[PDB]
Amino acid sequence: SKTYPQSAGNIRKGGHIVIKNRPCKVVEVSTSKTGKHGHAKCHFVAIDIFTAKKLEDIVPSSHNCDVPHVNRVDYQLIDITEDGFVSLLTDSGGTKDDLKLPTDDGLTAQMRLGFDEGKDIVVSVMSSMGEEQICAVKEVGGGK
């Protein structure tokens, strides 16, 4: 549900893969084969999409990898609570309130300032495997 199975031989540089239960972006793919009659193994180098740590795997080309779904969604900012939660407006007219201000000080200052200023602030959220990160902030209008 958070992942789908795909043969290692179909994984490409720039795609994603699960290594040690971590969603990673594939930065290097190479293959090796045992002699003339072997079956290729895929050697992956990948970068954890939240922690930026490098992880690696060697997988037979014919075995499945778990591939994580990775989404990027924009929301309008409708609140920053005094305890650091963020309230986001959903495309169905709902609210998404489970996220906090990002650890990035630039992104947080942009959100807080834009909100204090009465600006229309759009927040990009990257999500994978039940984990979410505010990854961009822009103003699109408004003001006081």
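For every residue, the number given is its place in the sequence shown, counted from 1.
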Check: Looking at the entry, does 5-13 or 122-130 show the higher mean C-alpha B-factor?
Finding: 122-130
Item checked: Mean C-alpha B-factor comparison - 81-89 and 52-60, higher one -> 52-60
Check: Which one of 27, 67, 113, 107 shows the biggest C-alpha B-factor in the PDB entry?
Finding: 27
Note to self: Based on the deposited C-alpha B factors for this chain, I'd like to know if residue 32 is in the lowest, middle or highest third.
What the structure shows: middle
